[PDB]
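Trainee: Experimental structure and sequence below, a few questions after.
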Amino acid sequence: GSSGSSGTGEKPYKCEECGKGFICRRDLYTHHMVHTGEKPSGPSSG
Ligand SMILES: [Zn+2]
(Lines give C-alpha, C1' and ligand atoms only; values in the text may rest on other atoms or scores of the structure.)
Protein backbone atom coordinates (compact mmCIF):
# COMPACT_ATOMS: atom_id res chain seq x y z
CA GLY A 1 0.00 0.00 0.00
CA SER A 2 2.02 2.93 1.32
CA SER A 3 4.34 4.51 -1.25
CA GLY A 4 7.45 2.37 -1.63
CA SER A 5 10.23 3.40 -4.01
CA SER A 6 14.03 3.40 -4.09
CA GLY A 7 15.45 6.51 -2.46
CA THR A 8 16.19 7.25 1.19
CA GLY A 9 17.34 4.61 3.65
CA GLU A 10 14.80 3.00 5.97
CA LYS A 11 15.43 0.89 9.08
CA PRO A 12 14.65 -2.84 8.72
CA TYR A 13 12.75 -2.81 12.02
CA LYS A 14 10.41 0.02 12.99
CA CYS A 15 8.10 0.22 16.01
CA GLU A 16 4.51 -0.41 14.92
CA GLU A 17 3.31 1.45 18.01
CA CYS A 18 4.89 4.88 17.58
CA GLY A 19 7.03 4.54 14.47
CA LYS A 20 10.64 4.46 15.62
CA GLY A 21 13.26 3.07 13.26
CA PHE A 22 16.06 0.88 14.60
CA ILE A 23 19.06 -0.84 13.02
CA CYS A 24 18.58 -3.75 15.42
CA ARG A 25 15.44 -5.81 15.97
CA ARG A 26 16.56 -6.42 19.55
CA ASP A 27 16.66 -2.74 20.51
CA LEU A 28 13.20 -2.15 19.04
CA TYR A 29 11.63 -4.82 21.25
CA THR A 30 13.28 -3.28 24.32
CA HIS A 31 11.61 0.06 23.59
CA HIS A 32 8.31 -1.82 23.29
CA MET A 33 8.44 -1.78 27.10
CA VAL A 34 7.34 1.86 27.24
CA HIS A 35 4.38 0.73 25.14
CA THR A 36 3.34 -2.04 27.53
CA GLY A 37 2.64 0.60 30.16
CA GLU A 38 -0.04 2.84 28.67
CA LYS A 39 -1.65 5.45 30.92
CA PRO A 40 -5.42 5.67 30.30
CA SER A 41 -5.61 7.76 33.48
CA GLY A 42 -4.46 11.25 32.53
CA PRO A 43 -4.86 14.35 30.33
CA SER A 44 -3.77 12.19 27.39
CA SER A 45 -7.33 12.57 26.10
CA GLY A 46 -6.39 10.22 23.28
ZN1 LIG B 1 7.32 2.61 19.95
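Mentor: On my side now, so go ahead. Numbering: from 1, shown residues only.
Trainee: use CA for all of it now, contacts and neighbours both
Mentor: OK.
Trainee: any chance you could map the helices in the protein?
Mentor: Taking DSSP state H, the helices of the chain run over residues 25-31.
Trainee: how about the residues of it near the ion?
Mentor: Contacts of the chain with the ion, taken as C-alpha under 5 Å from the ion, map to 15, 17-18.
Trainee: Do I have it right that residue 23 meets residue 13?
Mentor: Yes: using C-alpha atoms under 8 Å, residue 23 is in contact with residue 13, at 6.7 Å.
Trainee: Number of residues surrounding residue 39?
Mentor: As a burial measure, the neighbour count of residue 39 was computed by other C-alpha atoms under 10 Å and equals 9.
Trainee: If you could redo that for residue 26, that was the one I meant.
Mentor: Residue 26 is surrounded by 10 other residues when neighbours are defined as other C-alpha under 10 Å.
Trainee: Equivalent analysis for residue 7, please.
Mentor: Around residue 7 there are 6 other residues, counting by other C-alpha under 10 Å.
Trainee: now do the one 3 residues further on
Mentor: Using other C-alpha under 10 Å, the number of residues around residue 10 comes to 10.
Trainee: Excluding covalently adjacent residues, which one is nearest to it?
Mentor: residue 21 (7.4 Å; C-alpha to C-alpha, 6 or more residues apart in numbering).
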